[PDB]
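Shown next, in C-alpha cells, is the structure this report addresses.
Sequence lines set the chain letters: A, B, ... in the order given, protein chains first and strands last, and positions in each chain run from 1. Heavy-atom basis, side chains included; hydrogens, waters and symmetry copies ignored. Counting convention: from 1, in listed order, for ligands and their atoms alike.
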Amino acid sequence: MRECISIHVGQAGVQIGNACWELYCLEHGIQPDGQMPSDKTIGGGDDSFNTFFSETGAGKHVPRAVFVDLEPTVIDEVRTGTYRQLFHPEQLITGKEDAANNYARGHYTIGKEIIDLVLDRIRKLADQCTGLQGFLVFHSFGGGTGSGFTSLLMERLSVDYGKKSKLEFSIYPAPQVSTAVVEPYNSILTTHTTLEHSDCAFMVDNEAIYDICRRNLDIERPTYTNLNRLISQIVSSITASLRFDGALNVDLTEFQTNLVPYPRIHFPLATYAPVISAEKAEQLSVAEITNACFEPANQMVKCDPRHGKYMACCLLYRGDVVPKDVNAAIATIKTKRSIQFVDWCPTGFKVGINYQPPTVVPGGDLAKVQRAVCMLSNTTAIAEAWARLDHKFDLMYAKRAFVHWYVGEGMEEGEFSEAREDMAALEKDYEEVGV
Amino acid sequence: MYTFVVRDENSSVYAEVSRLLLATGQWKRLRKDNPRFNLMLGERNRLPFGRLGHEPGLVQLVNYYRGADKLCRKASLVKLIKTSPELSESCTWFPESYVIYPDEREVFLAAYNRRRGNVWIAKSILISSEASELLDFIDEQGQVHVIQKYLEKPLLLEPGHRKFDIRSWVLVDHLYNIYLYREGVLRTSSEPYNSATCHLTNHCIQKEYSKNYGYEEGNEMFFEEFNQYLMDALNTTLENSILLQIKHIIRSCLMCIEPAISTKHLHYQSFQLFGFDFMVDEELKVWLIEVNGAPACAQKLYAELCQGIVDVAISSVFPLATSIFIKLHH
Amino acid sequence: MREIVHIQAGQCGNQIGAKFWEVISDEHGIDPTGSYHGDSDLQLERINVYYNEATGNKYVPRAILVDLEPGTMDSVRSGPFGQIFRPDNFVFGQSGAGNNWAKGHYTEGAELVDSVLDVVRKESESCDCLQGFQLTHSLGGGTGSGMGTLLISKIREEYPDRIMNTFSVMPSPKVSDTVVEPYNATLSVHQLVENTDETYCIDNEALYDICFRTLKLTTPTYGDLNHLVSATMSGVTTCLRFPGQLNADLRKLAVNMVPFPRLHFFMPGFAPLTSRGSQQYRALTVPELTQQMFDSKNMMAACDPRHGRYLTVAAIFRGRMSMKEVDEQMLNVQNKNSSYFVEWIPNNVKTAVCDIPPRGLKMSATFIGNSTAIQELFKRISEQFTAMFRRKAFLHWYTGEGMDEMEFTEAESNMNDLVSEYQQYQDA
Amino acid sequence: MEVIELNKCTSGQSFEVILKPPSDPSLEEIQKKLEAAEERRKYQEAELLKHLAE
Ligand SMILES: CC(=O)OC1=C(c2cccc3ncccc23)Oc2cc3ccccc3cc2-n2cccc21
Ligand SMILES: Nc1nc2c(ncn2[C@@H]2O[C@H](COP(=O)(O)OP(=O)(O)OP(=O)(O)O)[C@@H](O)[C@H]2O)c(=O)[nH]1
Ligand SMILES: Nc1ncnc2c1ncn2[C@@H]1O[C@H](COP(=O)(O)OP(=O)(O)CP(=O)(O)O)[C@@H](O)[C@H]1O
Ligand SMILES: Nc1nc2c(ncn2[C@@H]2O[C@H](COP(=O)(O)OP(=O)(O)O)[C@@H](O)[C@H]2O)c(=O)[nH]1
Ligand SMILES: [Ca+2]
Ligand SMILES: [Mg+2]
Ligand SMILES: [Mg+2]
Ligand SMILES: [Mg+2]
C-alpha cells in the first residue's frame, strides 16, 4: 500500500478539507474519535483506506493530513469542532496574522518565516509512510495564503520530494462569493509560479457551485458550508479510487497518465450528477446521469465543451451501475452530441464503478441517490476560464492599480508581466490544440 | 432600465437597432468594454463569447450564435451538408459541390470525367466548362475554394431575359424559434442572361456595368411584384412555387446545427439574423446558394425588419412597459 | 486577536472620540464602570480589538487621550463613560495650541509628544498582535491637527509596518472657529497623504448641511454634528469588532480600498439620517437603505459623487434583513449606474451584513466610498488657503513659531498635486 | 462500442471503451529569491526611516 498526504492551505483549503475528511469518515465508517469497528487489524494496516489514514496502537485512525493557515481563526474551529479528536495537534499549523489577500505577503513576507516549520510537520507524516505516492493540495486562487504560500510550498515539495506526485484542488475566484478585489492578481501569480510543480489540478469555480446550489438544492443564499459539502462530494468522487479497492486511478501517477497528455495543459474539467435537494419526495438512470455530464449547468467550471476538443475522458460511477448500462449510454450520447477529440488522441472513455452509493452528510442539503457519476474530461473549453480571468487582470494592471501593495512586500513589478506572459502562453497552447 | 453596448459600428442593421432601443427611453448605451451590460451587439470576428454570462444579477444576450459560422462559410457549409446525416446525400436543394485546396480534388475529377453539360463555378470567382481552367486559377490564390455546379438552366425574368437570386432574412431567437421575415427581395441582373456581368448579380457588381436600372429601382424586385409576375406569366403563386421550398431549406439547415449552437441551457443567451440566398431554375426548383451570418437589408424594409428584431428578439427577454415574421415550427 | 490602539487628540478629536467610545461601549454591553452587562456573547467574541480585560472581568478601552490644554479632557472624565478610561492614559499640557498648526507640530506639541509615545508603547507592547492605530482629530485647530500629525509621523517611525487610520474632521466656513483653518488643514493634509493608509474625511460642511436641510435643525450645534459622526464611526468599525465578518481588519480594508498609495481619503455615508432625540418608528426597507446611502445627501464629506467616479466601495448593512434582497439591491445600483464606477477595477463594491443593529434603529447601512469626487473637498480648502496666502495674511502667527513661507508653498503645491492626481483617474 | 481491460472485484469494476483510433530551481535558488525579496523590503524601509529622520 502507498500512502497519500493531503495538505490544506488557507481558509478555502482548510474548510473544504473539513468537508472532505468528514465525508471520508462516513464513507469508511470511522467515528469522530478515530475508532473504526469494521477494521479488524488494530494498529496496523495494508488496506485501501490506509492510503489516507494511519493507525495507532489504540486503534485510532488518523488522517494523513496537515492544515496550514496564517491566521488561527479557521483552524481553531477544527481544533474544537466535532472531529477534534481525529487529528493530532502537530497536524494543525496557524500563525497570528493572515496574508491580507496579498499573494506577495503570503509568498515572500510571511511565507519565508513559516515554510520550514510546515515542511518539518510534513516530513513527520512522510516518516510514517512506507511508500509515499505524493500529495493532494487544497487551496484557493484568490486568497493571500491560498495563492502565495501554496506556490512557495509547491516549490519546496518539488525539492524535498522530487519523485512524488502533487495534485491540486483549486478554488477559482467568483464575484458572487469572492473576498478581495485583487483575486485575479493572486490567481495569475500563483498559477504562473505553480505550473511547473503541479502534475494535475482540478479547478472549482465558485460561480458553478453557487449556481448548482441555487437551482438544484433550492438554497436562496448558499453558504460556504453548502458549497463545501457539495465540493467534497466531487473531491470524494475523484479520490475514491485511491481509498477503495479498485483498478482505475489507483495511484496519483494514473491521474496524469489518463488525463494529462500535454504537461502544461493539466486542468481537467469536472462534471457531477445528480445533485438532488434533500427536502424532496425521481431516481435518475445511468443513461440520464451520463448524459447530464455533458450539460454546462453541471460542470465545476462554466464553459461550453461543444466548442473545444477533448484530450481524455474519465467516468467515475458510484452506486448501482453495471458496465452494459454504461456502454448503452455512451453510444447513445456519442451520436446526438458532438464530442470532437484531437486527432492525436483516441475517442475513448475510461470508466470506473464503485458499488457503494454516494454518502451524504446526515441532515445535509443533498439527498441520497442510488447512482452518481463524476466525469473528468480534459477539454480545451476550460481555456475560457483562463481568458475571463486574464482579462480582469489586464483591466487592473493596465493602470497598475493595487500593485504598490505587492511591491511593498518585496515583490518586483516584473513578476506581474512575467506571470501574465506565462498565462498568454497557456492560452495559445490551448488554441493550437483546439483549432 | 436596460443596458447595451456596441462592438460593430459597420453594421447597418444594428445601427438602426441601437437607435430604436434608445428612443424607447428604457435602454441605455454603454462603452464598448463595459461588462455591466444586458445586451451586446458584438463584432463579426472573434467575438469573446467566453466572457458572457458571468455577471451576477445580469441577464445577458448577444446578437450572434457561437458556432453558427459552420453554416456561413462556403468551405464549412459544403462540409456540413456532406457529413451530416440530416442533410446529404438526401439533400437535393444544394448544388453539387466539392472543396479543394489550392481532398476533394480526386472526388471532383471523378464526377467531372464521368459527366463528360459540365459548367462549374469556383468561389471563396471563375466559371469554366473545362475542369483544368478552374484549378489553375485556384492554385494562384492561398484561400480555400469550393467547386460547385453552375446552374445552366436558371429561371429568367421576362421581359429582359435576365437572371436573378432571392434573399430571405431569417431571425432565430433565444428559444430557437425560427422567424422568416415576410418581405424578401430579388436581386436581378440588368444585363440579359447569355449562355456563352450578367452571370453574377450582387448589386455592387451591377453598378460596375450599369446597363439598366430604374426595370427595378436598384435592381431590386420585392415579393408583391414578383408574385404578380409569377401569376401572370406562369399561373402560379410565389407561395406555392418557391416559398414552400425556401421555408424547408431554412428549417432543414437551422435544425441541423441546433444541438451544437443552442443556448437553451447556457449561462448567456443568443439570437442571430441570417441572410439566405436562393437560386431558382427553369422548373421552379429552389436552390440554396449560401448563408450569410451578417447580412444587410434593403432600404425599403430596414425600418420594418429592425423593429421586428427589437420586438421578438430583444424585448422578448427584456420586456418594456399581427406579426411581420412567419414562424417555422419544429 | 488583532488589537487596535485608539488615539484622540485636541478638542474635536476628544469630543467625537468620547462619543465614539460610549456608543460602541453600549453596543458591546459594557457599562460606564467597565463591567459587561450584555445578553449575547457575540458582543464579547472580538471585544479585544478595542478593549483590554485587566482584572475582575472589567473591560478597559485601549484608548489614549491627548490634548495641549486640560479643558476638554476634564469634560471627558466628568462625562458618564469618563470613569471607563484608564487614568494613566490621559496625557495633557497646560499651554494650549491656540488653533495654530505650528504650535501643535513644532513647539508646544513637541514638548509633550514623547509622553504620549510612552503611553502608546505601553499599550502596544501588551498586544498579542497589534494591527494598527486609529486617530480621531480635527484639521482646523492646533492640537489635533498640528500635534496629531506629529504623533502620526512619530508612530510610523516606531511602528513602520502597522496600519495608520484616522478620522479627520475637515474645516468649513459654515462652522468656523478661526480664520486660519485653511492654513492648518492644508498643512495637515500633506502629512495625511504621506503617513496614513486610510483616512475617513469628515467634512463639517456636510455635517452642517445634513443637520440643516435633511434633519431640519435651524441652529445645529457640535453635539448634533457629533451625533452624525458617532453613527458613522460605529458603522465603519462594525466589521472590525463583531464575529462572522470574514475576520475583517484594518489592513484588508486598505488593500482593497486603496488602489494607489496617495488616494486613500474615503467618503463616509450613513442611512437612515437621524437627529439626536428624534427617533422614528418605521424601519427602512432594504431598497430604501441602499438608495439613501448612495445619495449625495447622506455623504459626510460634502462632495457630489456624480461629479466623479468610485474607485472602490465598501458598505455594511446592520440588522435582520434579507441578504438575498441586500445582494439584489446592491447589484442593481452598480448595474443601473455603472458609469459612476471605474471599469478598470472589476467588482470594486464589497457588501457586508451584521445581524446586530445599532441602538435605536431596526436596521441601518454605512457607506465607505473611495471616490475621485473627494477632490472637491481639497479644491475647496485649496482656494481658501490661497486667497489668504497670496497676501501672506495671518502668516505672522506661523513665522513667529519658526516656520518659513516656503513650507506653506510646499503644502499648497502638494495638495494641488493631490487634486490633479484624483482628476487623473477620473479619466479612465 | 469496444470494451477492453475489464477489472472486477468486490467493490466494483472498471474498463476502457474505445470508439476511434487516433490520427527546476534548487533549494538555494529559492533562497536567492526569498532573500532578494527581504532585502528589497529592508531597502525600501531604510528609505522611509531616513526620510522620517530628515
Ligand atoms: C467584506 C467584509 O466582511 O469586511 C471587509 C471589509 C469591510 C467592509 C465594510 C466595512 C468595513 N469596515 C471596516 C473594515 C472592513 C470593512 O473591507 C473590504 C472592502 C472591500 C472593498 C472592495 C472590495 C473588496 C473589499 C474587501 C474587503 N474585505 C476583505 C476581507 C474582509 C473585508
Ligand atoms: N468554495 C469555497 N470557497 C472559499 C471558501 N473560503 C474561501 N473561499 C474563496 O477563497 C477566496 C478567498 O481566499 P481565502 O482562502 O479565504 O484566503 P486565504 O487563503 O485564507 O488567504 P488570506 O488572504 O491570508 O486570508 C475567495 O474566492 C472565496 O470565495 C470555502 O470555504 N469554500
Ligand atoms: N452555382 C450557381 N449557379 C448559378 N448562379 C450562381 C451560382 N453560384 C453563384 N451564383 C451567382 O452569383 C451570386 C451569388 O454569389 P455568392 O453568394 O457566392 O457571392 P457572395 O457570397 O460573396 C455575395 P453575399 O454577400 O450575398 O454572400 C448570384 O448573383 C448568382 O446569380
Ligand atoms: N464635528 C466637530 N468639529 C469640531 C468639534 N470641535 C471643534 N471642531 C472643529 O475643529 C476645528 C477646531 O479645532 P479644535 O479641535 O477645536 O482645535 P484643537 O483643540 O487644537 O485640536 C474647527 O474646524 C471646528 O469647526 C466637534 O466636537 N465636532
Ligand atoms: Ca487496519
Ligand atoms: Mg485568511
Ligand atoms: Mg450570397
Ligand atoms: Mg476649539
Using a strict 4.0 Å threshold on nitrogen-to-oxygen distance, state whether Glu216(B) and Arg162(B) make a salt bridge. yes
Among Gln141(B), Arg73(B), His145(B), find the one that has a side chain to side chain donor-acceptor pair (under 3.5 Å) with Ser124(B). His145(B)
May I have the list of side-chain donor-acceptor pairs in residues 29-37 of chain A shorter than 3.5 Å, sequence neighbours left out?
{"unit_1": "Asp33(A)", "atom_1": "OD1", "unit_2": "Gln35(A)", "atom_2": "N", "d": "3.2"}
{"unit_1": "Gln35(A)", "atom_1": "NE2", "unit_2": "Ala58(A)", "atom_2": "O", "d": "2.9"}

Decide salt bridge (charged side-chain N to carboxylate O under 4.0 Å, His left out) for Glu282(B) and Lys285(B); before the verdict, give the C-alpha distance in whole Å, the side-chain angles of both, and the deciding distance to 0.1 Å. CA-CA 7 Å; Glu282(B) 284 176 0; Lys285(B) 182 178 176 184; over 6 Å; no
Select all protein residues for which some heavy-atom-to-ligand 3 distance is less than 4.0 Å, and list them by chain and number. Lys74(B), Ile121(B), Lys123(B), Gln148(B), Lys149(B), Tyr150(B), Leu151(B), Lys163(B), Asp165(B), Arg167(B), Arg187(B), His199(B), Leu200(B), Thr201(B), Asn202(B), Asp277(B), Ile289(B), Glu290(B), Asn292(B)
Between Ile381(C) and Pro182(C), what is the shortest heavy-atom contact and its length? CG2-O, 4.2 Å
May I ask you to say whether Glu290(B) pairs ionically with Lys123(B), meaning some side-chain N is under 4.0 Å from a carboxylate O? no
Between atom CD1 of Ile147(B) and atom OH of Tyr112(B), what is the distance when rounded to the nearest 0.5 Å? 10.0 Å
Is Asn99(C) close enough to the Mg ion (ligand 8) that one of its N, O or S atoms comes in under 2.8 Å? no
Using a distance-only test with no angle check, is there a side-chain donor-acceptor pair under 3.5 angstrom linking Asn50(A) and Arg64(A)? no
Pair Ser54(A), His61(A): side-chain N/O donor-acceptor within cut-off below 3.5 Å: no
Not counting sequence neighbours, which residues clear side-chain contact (heavy atoms from CB on, under 4.5 Å) with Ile81(B)? List them please. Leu77(B), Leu87(B), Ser88(B), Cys91(B), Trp93(B), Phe94(B)
Run through the protein N/O/S atoms less than 3.0 Å from the Ca ion (ligand 5) and write them out by chain and number. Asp39(A) OD1, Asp39(A) OD2, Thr41(A) O, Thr41(A) OG1, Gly44(A) O, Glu55(A) OE2
